[PDB]
>>> print(open('query14.cif').read())   # mmCIF, C-alpha atoms and all ligand atoms
data_model
loop_
_atom_site.label_atom_id
_atom_site.label_comp_id
_atom_site.auth_asym_id
_atom_site.auth_seq_id
_atom_site.Cartn_x
_atom_site.Cartn_y
_atom_site.Cartn_z
CA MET A 1 219.41 152.47 22.64
CA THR A 2 217.08 155.47 22.71
CA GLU A 3 216.80 156.94 26.19
CA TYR A 4 213.94 159.06 27.53
CA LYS A 5 214.33 161.08 30.73
CA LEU A 6 210.97 161.52 32.46
CA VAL A 7 210.29 163.58 35.57
CA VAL A 8 207.19 163.22 37.76
CA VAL A 9 206.14 166.36 39.64
CA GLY A 10 203.15 167.48 41.68
CA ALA A 11 202.01 168.27 45.22
CA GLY A 12 202.81 166.03 48.16
CA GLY A 13 200.74 162.87 48.50
CA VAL A 14 199.14 162.92 45.05
CA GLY A 15 200.66 159.55 44.14
CA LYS A 16 203.82 160.36 42.17
CA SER A 17 205.82 157.55 43.77
CA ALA A 18 202.95 155.06 43.65
CA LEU A 19 202.50 155.69 39.92
CA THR A 20 206.18 155.23 39.15
CA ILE A 21 206.49 152.13 41.32
CA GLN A 22 203.36 150.59 39.76
CA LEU A 23 204.81 151.22 36.29
CA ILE A 24 208.32 149.95 37.05
CA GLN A 25 207.70 147.32 39.73
CA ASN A 26 204.11 146.25 39.13
CA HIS A 27 202.76 146.64 42.68
CA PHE A 28 200.87 149.27 44.67
CA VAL A 29 202.52 151.15 47.53
CA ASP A 30 199.83 151.52 50.22
CA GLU A 31 201.87 153.46 52.79
CA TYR A 32 202.96 157.07 52.51
CA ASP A 33 206.71 157.70 52.76
CA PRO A 34 207.55 161.25 51.57
CA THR A 35 210.07 161.36 48.74
CA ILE A 36 213.25 163.42 48.54
CA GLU A 37 214.59 162.54 45.07
CA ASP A 38 214.52 159.00 43.65
CA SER A 39 215.24 157.64 40.18
CA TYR A 40 214.26 154.48 38.33
CA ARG A 41 215.56 152.95 35.11
CA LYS A 42 213.89 150.30 32.98
CA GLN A 43 214.25 149.02 29.44
CA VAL A 44 210.89 148.75 27.70
CA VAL A 45 209.43 148.52 24.21
CA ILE A 46 207.19 151.46 23.32
CA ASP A 47 205.52 151.42 19.91
CA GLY A 48 208.08 148.93 18.63
CA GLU A 49 211.03 150.95 19.89
CA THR A 50 213.33 149.40 22.47
CA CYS A 51 214.20 152.23 24.81
CA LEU A 52 215.55 153.05 28.23
CA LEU A 53 213.25 154.96 30.57
CA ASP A 54 214.99 157.11 33.18
CA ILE A 55 212.34 158.28 35.63
CA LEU A 56 212.93 160.89 38.31
CA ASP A 57 210.46 160.77 41.19
CA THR A 58 210.55 164.19 42.87
CA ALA A 59 209.50 165.53 46.27
CA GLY A 60 206.08 167.11 46.60
CA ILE A 61 206.59 168.37 50.15
CA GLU A 62 208.37 171.74 50.22
CA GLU A 63 210.61 170.87 53.18
CA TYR A 64 211.92 167.91 51.16
CA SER A 65 212.33 169.73 47.83
CA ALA A 66 215.92 170.89 48.34
CA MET A 67 217.67 170.89 44.94
CA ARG A 68 214.57 169.71 43.08
CA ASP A 69 215.24 172.27 40.36
CA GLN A 70 218.66 170.80 39.71
CA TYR A 71 217.32 167.28 39.23
CA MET A 72 214.44 168.40 36.99
CA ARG A 73 216.79 170.33 34.70
CA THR A 74 217.82 167.17 32.86
CA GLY A 75 214.25 166.07 32.21
CA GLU A 76 212.99 165.81 28.64
CA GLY A 77 209.35 165.27 29.58
CA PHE A 78 207.25 165.92 32.67
CA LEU A 79 204.20 164.27 34.20
CA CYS A 80 202.35 166.96 36.15
CA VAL A 81 200.31 165.03 38.70
CA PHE A 82 197.40 166.09 40.90
CA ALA A 83 194.82 163.90 42.67
CA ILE A 84 191.14 164.05 41.67
CA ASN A 85 190.15 164.16 45.35
CA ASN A 86 192.56 167.02 46.15
CA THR A 87 191.42 170.34 44.68
CA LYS A 88 194.44 172.17 46.08
CA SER A 89 196.84 169.88 44.20
CA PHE A 90 194.97 170.73 40.99
CA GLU A 91 195.20 174.46 41.65
CA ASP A 92 198.94 173.92 42.38
CA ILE A 93 199.57 172.61 38.85
CA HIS A 94 200.08 176.16 37.61
CA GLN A 95 203.08 176.51 39.95
CA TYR A 96 204.71 173.32 38.71
CA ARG A 97 204.31 174.27 35.07
CA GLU A 98 206.02 177.59 35.83
CA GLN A 99 208.85 175.75 37.55
CA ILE A 100 209.29 173.42 34.59
CA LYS A 101 209.37 176.47 32.30
CA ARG A 102 212.14 177.93 34.46
CA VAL A 103 214.29 174.83 34.76
CA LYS A 104 214.05 174.24 31.01
CA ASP A 105 214.10 177.93 30.04
CA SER A 106 211.39 177.07 27.52
CA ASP A 107 207.65 177.47 26.99
CA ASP A 108 207.46 174.38 24.78
CA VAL A 109 208.26 171.44 27.08
CA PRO A 110 206.76 167.94 26.64
CA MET A 111 204.15 167.45 29.36
CA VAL A 112 201.10 165.39 30.29
CA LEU A 113 198.50 166.36 32.90
CA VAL A 114 197.66 163.42 35.15
CA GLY A 115 194.65 163.11 37.44
CA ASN A 116 195.58 160.31 39.84
CA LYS A 117 193.58 158.23 42.36
CA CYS A 118 190.68 157.87 39.90
CA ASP A 119 189.67 154.76 41.85
CA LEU A 120 188.46 156.94 44.74
CA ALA A 121 184.93 158.38 44.85
CA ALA A 122 185.57 161.61 46.77
CA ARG A 123 186.12 163.44 43.49
CA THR A 124 186.35 167.23 43.68
CA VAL A 125 188.08 167.74 40.33
CA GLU A 126 185.79 166.83 37.44
CA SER A 127 187.30 165.41 34.27
CA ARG A 128 186.07 168.39 32.26
CA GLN A 129 187.84 170.86 34.54
CA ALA A 130 191.16 169.05 34.03
CA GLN A 131 190.57 168.65 30.29
CA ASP A 132 190.16 172.44 30.11
CA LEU A 133 193.41 173.09 31.97
CA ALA A 134 195.34 170.65 29.77
CA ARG A 135 193.83 172.19 26.64
CA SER A 136 195.11 175.60 27.72
CA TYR A 137 198.61 174.11 28.01
CA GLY A 138 198.24 172.26 24.72
CA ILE A 139 198.82 168.91 26.39
CA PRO A 140 196.89 165.65 27.00
CA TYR A 141 194.91 164.94 30.16
CA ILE A 142 194.88 161.38 31.46
CA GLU A 143 193.37 159.91 34.61
CA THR A 144 195.11 157.12 36.45
CA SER A 145 195.08 154.92 39.52
CA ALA A 146 198.36 153.61 40.90
CA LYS A 147 196.14 151.26 42.90
CA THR A 148 194.31 149.49 40.05
CA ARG A 149 196.89 150.31 37.35
CA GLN A 150 194.22 152.07 35.30
CA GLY A 151 195.89 154.41 32.81
CA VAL A 152 199.33 154.08 34.39
CA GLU A 153 201.17 152.74 31.32
CA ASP A 154 199.17 155.08 29.09
CA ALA A 155 200.26 158.15 31.06
CA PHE A 156 203.98 157.40 30.93
CA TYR A 157 203.91 156.13 27.32
CA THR A 158 201.84 159.12 26.25
CA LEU A 159 204.57 161.34 27.72
CA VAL A 160 207.15 159.49 25.60
CA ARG A 161 204.94 160.09 22.56
CA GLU A 162 204.77 163.80 23.42
CA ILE A 163 208.56 163.93 23.68
CA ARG A 164 208.77 162.33 20.21
CA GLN A 165 206.63 165.13 18.79
CA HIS A 166 209.11 167.68 20.14
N1 LIG A 201 193.44 154.98 46.37
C1 LIG A 201 194.61 155.41 45.86
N2 LIG A 201 195.61 155.77 46.70
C2 LIG A 201 196.76 156.19 46.04
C3 LIG A 201 196.97 156.27 44.67
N3 LIG A 201 198.27 156.75 44.40
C4 LIG A 201 198.77 156.93 45.57
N4 LIG A 201 197.92 156.62 46.63
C5 LIG A 201 198.16 156.71 48.09
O1 LIG A 201 198.47 158.06 48.42
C6 LIG A 201 199.47 158.11 49.46
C7 LIG A 201 200.68 158.91 48.94
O2 LIG A 201 201.17 158.35 47.69
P1 LIG A 201 202.68 158.64 47.23
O3 LIG A 201 202.85 157.92 45.93
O4 LIG A 201 203.63 158.36 48.33
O5 LIG A 201 202.56 160.25 46.97
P2 LIG A 201 203.69 161.27 46.49
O6 LIG A 201 203.05 162.15 45.50
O7 LIG A 201 204.69 160.40 45.89
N5 LIG A 201 204.12 162.01 47.90
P3 LIG A 201 205.51 162.83 48.12
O8 LIG A 201 205.54 164.03 47.16
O9 LIG A 201 205.61 163.35 49.49
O10 LIG A 201 206.73 162.16 47.75
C8 LIG A 201 199.81 156.64 49.80
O11 LIG A 201 199.13 156.19 50.99
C9 LIG A 201 199.40 155.91 48.53
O12 LIG A 201 198.99 154.55 48.71
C10 LIG A 201 195.88 155.87 43.77
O13 LIG A 201 195.86 155.87 42.54
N6 LIG A 201 194.74 155.46 44.47
CA CA A 202 207.25 153.41 55.62
MG MG A 203 206.79 160.35 46.57
MG MG A 204 183.75 171.80 42.03
#
>>> encode(input="query14.cif", output="structure tokens")
Amino acid sequence: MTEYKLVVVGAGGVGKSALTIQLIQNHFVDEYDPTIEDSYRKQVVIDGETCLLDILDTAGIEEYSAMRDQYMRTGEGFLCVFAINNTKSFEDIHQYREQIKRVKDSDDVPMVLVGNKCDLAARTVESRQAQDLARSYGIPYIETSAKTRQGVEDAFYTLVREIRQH
């Protein structure tokens, strides 16, 4: 059926893998095992449409980001993730957007800004600050928690809906 290729990017430790695993496997990964390049595939119904989700979980740690560019190149939509208790990861978003622009050779790529770990209280990135960044990119801002599942389905499904507007 219809297939959507999603790519999750962002700094190391922000929760990219936890978000994907929570979405696909319905459980929270408590430990931190750095990712190289992993992919998941699941058939789901989104807004009445039976579709196949191909999700690429990329490395956030530089030393592990070998041919990251090559893997991202096939992506149709990207989830740019930062953690609300990690200001540096938020500032790093700019760099990921530029990378996506390169790999896709386009300035109009489907994207969604995600503020993960919203279950934690050590917030240093206020919602408003992220809303402003997203607005400048012309994309949605959504907060999530791979731990409680809050906003997880909404983030991925919203990305699909952004791809459909492309
Ligand atoms: N409290 C809380 N912890 C989270 C959340 N998402 C991820 N974590 C925790 O953050 C740590 C790193 O998460 P992980 O998903 O591995 O991060 P990553 O972005 O995939 N790292 P890497 O880029 O190296 O592959 C883990 O200990 C994980 O449990 C969340 O929403 N809430
Ligand atoms: Ca381990
Ligand atoms: Mg990971
Ligand atoms: Mg501040």
>>> residues_near_ligand(input="query14.cif", ligand="ligand MG 204 (chain A)", cutoff="9 Å", atoms="all atoms listed in the file", output="list in words")
residues 87, 123, 124, 125, 126 and 129 of chain A
>>> residues_near_ligand(input="query14.cif", ligand="ligand MG 203 (chain A)", cutoff="7 Å", atoms="only C-alpha atoms and all ligand atoms", output="list in words")
residues 13, 15, 16, 17, 33, 34, 35, 57, 58, 59 and 60 of chain A
>>> residues_around(input="query14.cif", residues="residue 71 in chain A", least_positions_apart="5", cutoff="12 Å", atoms="only C-alpha atoms", output="PDB file with C-alpha atoms, keeping the file's coordinate frame")
ATOM      1  CA  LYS A   5     214.330 161.080  30.730  1.00  0.00           C
ATOM      2  CA  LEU A   6     210.970 161.520  32.460  1.00  0.00           C
ATOM      3  CA  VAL A   7     210.290 163.580  35.570  1.00  0.00           C
ATOM      4  CA  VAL A   8     207.190 163.220  37.760  1.00  0.00           C
ATOM      5  CA  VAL A   9     206.140 166.360  39.640  1.00  0.00           C
ATOM      6  CA  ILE A  36     213.250 163.420  48.540  1.00  0.00           C
ATOM      7  CA  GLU A  37     214.590 162.540  45.070  1.00  0.00           C
ATOM      8  CA  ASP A  38     214.520 159.000  43.650  1.00  0.00           C
ATOM      9  CA  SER A  39     215.240 157.640  40.180  1.00  0.00           C
ATOM     10  CA  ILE A  55     212.340 158.280  35.630  1.00  0.00           C
ATOM     11  CA  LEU A  56     212.930 160.890  38.310  1.00  0.00           C
ATOM     12  CA  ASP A  57     210.460 160.770  41.190  1.00  0.00           C
ATOM     13  CA  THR A  58     210.550 164.190  42.870  1.00  0.00           C
ATOM     14  CA  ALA A  59     209.500 165.530  46.270  1.00  0.00           C
ATOM     15  CA  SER A  65     212.330 169.730  47.830  1.00  0.00           C
ATOM     16  CA  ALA A  66     215.920 170.890  48.340  1.00  0.00           C
ATOM     17  CA  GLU A  76     212.990 165.810  28.640  1.00  0.00           C
ATOM     18  CA  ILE A 100     209.290 173.420  34.590  1.00  0.00           C
ATOM     19  CA  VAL A 103     214.290 174.830  34.760  1.00  0.00           C
ATOM     20  CA  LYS A 104     214.050 174.240  31.010  1.00  0.00           C
TER      21      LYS A 104
END
>>> atom_distance(input="query14.cif", atom1="CA of residue 52 in chain A", atom2="CA of residue 156 in chain A")
12.7 Å
>>> closest_residue(input="query14.cif", among="A:158, A:131, A:86, A:74", to="residue 105 in chain A", atoms="all atoms listed in the file")
A:74
>>> residues_around(input="query14.cif", residues="residue 95 in chain A", least_positions_apart="4", cutoff="12 Å", atoms="all atoms listed in the file", output="count of residues only")
15
>>> closest_residue(input="query14.cif", among="A:23, A:18, A:112, A:122", to="residue 141 in chain A", atoms="only C-alpha atoms")
A:112
>>> atom_distance(input="query14.cif", atom1="CA of residue 119 in chain A", atom2="atom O13 of ligand LIG 201 (chain A)")
6.3 Å
>>> closest_residue(input="query14.cif", among="A:75, A:146, A:151, A:130", to="residue 25 in chain A", atoms="all atoms listed in the file")
A:146
>>> closest_residue(input="query14.cif", among="A:108, A:3, A:132, A:154", to="residue 51 in chain A", atoms="all atoms listed in the file")
A:3
>>> closest_residue(input="query14.cif", among="A:12, A:32, A:83, A:4", to="ligand CA 202 (chain A)", atoms="only C-alpha atoms and all ligand atoms")
A:32
>>> atom_distance(input="query14.cif", atom1="CA of residue 27 in chain A", atom2="CA of residue 147 in chain A")
8.1 Å
>>> closest_residue(input="query14.cif", among="A:29, A:1, A:67, A:72", to="residue 43 in chain A", atoms="only C-alpha atoms")
A:1
>>> residues_around(input="query14.cif", residues="residue 118 in chain A", least_positions_apart="3", cutoff="9 Å", atoms="all atoms listed in the file", output="PDB file with C-alpha atoms, in the coordinates of the input")
ATOM      1  CA  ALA A  83     194.820 163.900  42.670  1.00  0.00           C
ATOM      2  CA  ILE A  84     191.140 164.050  41.670  1.00  0.00           C
ATOM      3  CA  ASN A  85     190.150 164.160  45.350  1.00  0.00           C
ATOM      4  CA  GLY A 115     194.650 163.110  37.440  1.00  0.00           C
ATOM      5  CA  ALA A 121     184.930 158.380  44.850  1.00  0.00           C
ATOM      6  CA  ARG A 123     186.120 163.440  43.490  1.00  0.00           C
ATOM      7  CA  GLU A 143     193.370 159.910  34.610  1.00  0.00           C
ATOM      8  CA  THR A 144     195.110 157.120  36.450  1.00  0.00           C
ATOM      9  CA  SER A 145     195.080 154.920  39.520  1.00  0.00           C
ATOM     10  CA  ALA A 146     198.360 153.610  40.900  1.00  0.00           C
ATOM     11  CA  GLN A 150     194.220 152.070  35.300  1.00  0.00           C
TER      12      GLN A 150
END
